[PDB]
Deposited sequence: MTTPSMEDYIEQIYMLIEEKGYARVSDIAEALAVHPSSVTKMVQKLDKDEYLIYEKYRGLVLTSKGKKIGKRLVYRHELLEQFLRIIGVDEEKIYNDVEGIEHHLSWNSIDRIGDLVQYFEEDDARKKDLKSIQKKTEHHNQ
């Protein structure tokens, strides 16, 4: 499971969740790539049993897509919470998401929980940004 395959599964999962199905055309446009590039990855994903090529994810692909979508959202929340400009959050998440261990993700999970459970901590963090 390379970062590119992950990106595709993340995208396919999202499309299925949003529209109810994933068309190579929708994937190609969503990733801003050529449909051939997409056709090649889909076949690779099929071979690896993440999906069945009417694009359907196997239980294996759903678990992964779900984890990948969860990781993306958590990473945006993380950067949002620490005060990163909203417009820059998405691009940063896209480039780092597929390069972090689960250990890092889980610890970032606890960090987000840390600030979300007590707003006083968010206020203190903001203070430091001013100093």
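Undergrad: From the N-terminus onward, what segments of the deposited sequence lack any C-alpha atom in this model?
TA: Deposited residues absent from the model fall in 1, 55-58, 137-142.
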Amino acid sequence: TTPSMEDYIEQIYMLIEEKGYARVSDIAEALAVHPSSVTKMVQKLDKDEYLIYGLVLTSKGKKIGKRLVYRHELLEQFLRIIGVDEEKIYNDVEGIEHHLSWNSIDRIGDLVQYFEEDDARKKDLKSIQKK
From here on, numbers count along this sequence of modelled residues.
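Undergrad: Check the entry's C-alpha temperature factors for 4-12 and 122-130, then say which stretch has the higher mean.
TA: Looking at the recorded C-alpha B-factors, 122-130 comes out higher on average.
Undergrad: With reference to the PDB entry, specify whether the mean Cα temperature factor is higher for 22-30 or for 67-75.
TA: Taking the mean B-factor of the alpha carbons in each, 22-30 is higher.
Undergrad: When you compare the CA B-factors of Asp46, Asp106, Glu97, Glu86 as listed in the entry, which one comes out on top?
TA: In the PDB entry, the greatest C-alpha B-factor among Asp46, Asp106, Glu97, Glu86 is found at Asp46.
Undergrad: Between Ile81, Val93, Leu57, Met41, which one tops the list for Cα B-factor in this entry?
TA: The record points to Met41.
Undergrad: Against its chain's modelled residues, does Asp110's Cα B factor rank lowest, middle or highest third?
TA: For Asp110, the deposited C-alpha B-factor lands in the lowest third.
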